[PDB]
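Positions are given from 1, in the same order as the sequence printed here. Because only heavy atoms are used, hydrogens play no part in the values below, and waters and symmetry mates are left out as well, while side chains stay in.
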Amino acid sequence: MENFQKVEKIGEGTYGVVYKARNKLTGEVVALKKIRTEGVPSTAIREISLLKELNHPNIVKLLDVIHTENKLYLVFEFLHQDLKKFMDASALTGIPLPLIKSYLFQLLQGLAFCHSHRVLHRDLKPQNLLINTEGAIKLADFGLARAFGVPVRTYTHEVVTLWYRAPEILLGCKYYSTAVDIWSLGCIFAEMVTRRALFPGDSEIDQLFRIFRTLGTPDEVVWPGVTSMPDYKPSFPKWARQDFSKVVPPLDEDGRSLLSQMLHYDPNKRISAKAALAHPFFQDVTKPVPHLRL
Ligand SMILES: Nc1nc(Nc2ccc(S(N)(=O)=O)cc2)sc1C(=O)Nc1c(F)cccc1F
């Protein structure tokens, strides 16, 4: 705007443009997010203003929420790399399990905190997870779908990723549950392990059918009420669930068990972030430091 000398465009947020900027008056480097118009709900945004009070080591600190010119500016502490770039960087050898384990454990702590404060992220994806040289990983973005929602793209015609979207969202559920974040983190967990997106759908139905072909088409047995969902069709194909051992090798049984619980069809059966933190997969969790190329 003026108190900020844009350094580089960090990228394209699903609400606007994110810039790496420097506070010309404080000298601190931050991530500046400019929001997409004709006023925007001032009562809805209050949520955001409440997010400044959500302080946790695994959540990106929201330093400021500014309203001026129908442009909403969000100032976040700046982190040097997102998880997608890091995974791509490690694609050849894979992220080491101890690090995968540490990031998973930290993201769960972050989610446990948000969920206990009644905040849902709703759009977890590798690109929204930020890491530093210290070995920490933080939740960035946060949907803010109740105070904003999901556009016909993001802010300027851009292919929204559906890969980490929970089945109840794909089936037209209106009320989000904190369980949707768990599903997404589960997908991200499998992705770090295998170095392949778990459910790479390029359309809502393709996304849904990819989930079904892998976990089996859900029914009233495994998911009471599923046939009552808004977009459920009795015409959906009936795929048998695939053996889970083929889904995430060579993840051990502790990891597979935790993953199956994070990917339970029924949201009420899906494990919470708090219980997952107590899962035996984390008995030997540590905090390695990643090899970061900045
Ligand atoms: N605070 C913050 N720091 C970032 N750093 C950063 C990100 C990616 C790379 S990369 N691609 O690895 O070179 C480097 C640095 S993005 C970001 C944020 O909060 N971002 C942000 C936002 F403002 C609103 C919605 C989603 C977001 F991810």
Does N128 reach the main-chain N or O of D123 with its side chain, forming a donor-acceptor pair under 3.5 Å?
yes

Measure the spacing between CG of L72 and CG of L144 and express it to the nearest 0.5 Å.
9.0 Å

For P57, does its backbone N or O pair with a side-chain atom of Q106 as donor and acceptor, under 3.5 Å?
no

Please report the interatomic distance CD1(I100) to CD1(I188), rounded to the nearest 0.5 Å.
12.5 Å

Would you kindly confirm whether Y265 and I271 end up in one hydrophobic cluster when ILVMFWY residues are joined by side chain heavy atoms under 4.5 Å apart?
yes

Do other residues, nucleotides or ligands put more than 12 heavy atoms under 6.0 Å from the NZ atom of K61?
no

Taking C-beta and beyond as the side chain, do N70 and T37 meet within less than 4.5 Å on heavy atoms?
no

Evaluate the side chain to side chain contact (heavy atoms under 4.5 Å, CB included) criterion for residues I137 and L107: first the C-alpha distance (whole Å), next the side-chain angles of each, then the deciding distance (0.1 Å), finally the verdict.
CA-CA 7 Å; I137 177 156; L107 292 171; 3.8 Å; yes

Derivation and outcome, side chain to side chain contact (heavy atoms under 4.5 Å, CB included), residues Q261 and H279:
CA-CA 10 Å; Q261 286 192 124; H279 191 283; 3.4 Å; yes

Which class fits the ring pair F105 and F282: parallel under 30°, tilted 30 to 60°, perpendicular over 60°?
tilted

For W239, is there any backbone N or O sitting under 3.5 Å from a side-chain donor or acceptor partner on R213?
no

Within a radius of less than 6.0 Å around NZ of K9, do more than 12 heavy atoms belonging to other residues, nucleotides or ligands occur?
no

Do the side chain of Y176 and the main chain of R146 share a donor and acceptor less than 3.5 angstrom apart?
no

Taking side chain as C-beta onward, heavy atoms only, is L215 less than 4.5 Å from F199?
yes

Supply the atom-to-atom distance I95 CD1 to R195 CZ, rounded to the nearest 0.5 angstrom.
9.5 Å

So, the side chain of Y15 versus the backbone of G143: is there a donor-acceptor pair under 3.5 Å, distance only?
yes

Could you see if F113 belongs to whatever hydrophobic cluster contains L104? Use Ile, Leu, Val, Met, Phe, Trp, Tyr and a side-chain cutoff under 4.5 Å.
yes

Smallest separation among heavy atoms of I169 and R165, with atom names
CG2-CD, 3.4 Å

Would you check if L170 and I211 make a side-chain contact, meaning some heavy-atom pair closer than 4.5 Å?
yes

Do the non-hydrogen side-chain atoms of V193 and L259 ever get within less than 4.5 Å of each other?
no

Linking I/L/V/M/F/W/Y whenever their side-chain heavy atoms sit closer than 4.5 Å, directly or via other members, would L51 and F78 fall into one cluster?
no

Check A112 against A273 and note the closest heavy-atom contact, atom names and distance.
N-CB, 3.6 Å

Does some side-chain heavy atom of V17 sit less than 4.5 Å from a side-chain heavy atom of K6?
no

Candidate pair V7 and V29, rule side chain to side chain contact (heavy atoms under 4.5 Å, CB included), full reasoning:
CA-CA 9 Å; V7 177; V29 164; 5.8 Å; no

Surrounding NZ of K269 (heavy atoms of other residues, nucleotides or ligands, distance under 6.0 Å), is the total greater than 12?
yes

Applying side-chain hydrogen bond (donor to acceptor under 3.5 Å, both in side chains) as the test, list every pair that has at least one member in residues 179-188; sequence neighbours left out.
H115-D181

When you measure from the side chain of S260 to the backbone N and O of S257, does any donor-acceptor pair fall under 3.5 Å?
yes

Counting N and O atoms only, with roles assigned by atom type, does the side chain of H117 sit under 3.5 Å from a partner on the main chain of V119, one being a donor and the other an acceptor?
no

Heavy atoms of other groups near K34 NZ, more than 12 under 6.0 Å:
yes

Do the side chains of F189 and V180 join up, straight or via other hydrophobic residues, at under 4.5 Å, putting them in one cluster?
no

Does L99 share a hydrophobic cluster with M87, counting links as ILVMFWY side-chain heavy atoms below 4.5 Å and allowing steps through other members?
yes

Test side chain to side chain contact (heavy atoms under 4.5 Å, CB included) applied to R46 - qualifying residues, sequence neighbours left out
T43

To the closest 0.5 Å, what do you measure between CD1 (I66) and CD1 (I48)?
13.5 Å

Below 4.5 Å, heavy atoms only, C-beta onward: do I45 and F148 meet side chain to side chain?
yes

How far apart are the C-alpha atoms of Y19 and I10, what are their side-chain angles, what is the distance that settles it, and do they pass the side chain to side chain contact (heavy atoms under 4.5 Å, CB included) test?
CA-CA 5 Å; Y19 289 100; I10 289 182; 5.8 Å; no

Heavy atoms of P126 and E191 approach each other most closely as CG-OE1, 4.3 Å

Can you give each donor-acceptor pair under 3.5 Å made by side-chain atoms of residues 283-294, sequence neighbours left out, with the distance rounded to 0.1 Å?
unit_1, atom_1, unit_2, atom_2, d
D284, OD1, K101, NZ, 2.6

Determine whether a donor-acceptor pair (N or O, by modelled atom type, separation under 3.5 Å) exists between the side chain of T161 and the backbone of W163.
no

Less than 4.5 Å apart, any side-chain heavy atom of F281 and any of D252?
yes

Looking at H264, is its backbone amide N or carbonyl O close enough to the side chain of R270 to form a donor-acceptor pair, meaning the two atoms are under 3.5 Å apart?
yes

If we only count heavy atoms from C-beta on, is the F86 to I131 side-chain gap below 4.5 Å?
yes

Can you confirm whether or not the ring centre of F209 sits under 6.0 Å from the ring centre of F236?
yes

Distance-only, no hydrogens or angles: does the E220 side chain make a donor-acceptor pair with backbone N or O of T227 under 3.5 Å?
yes

Minimum heavy-atom separation for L198 to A190, with atom names?
CD2-CB, 3.9 Å

Report the distance from atom CD of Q127 to atom NZ of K84, rounding to the nearest 0.5 Å.
6.0 Å

To the closest 0.5 Å, what do you measure between NE2 (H80) and CG (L130)?
12.0 Å

Atom of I35, atom of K71 and distance for their closest heavy-atom approach
O-CD, 3.7 Å

Heavy-atom pair of closest approach, residues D206 and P200:
OD2-O, 4.0 Å

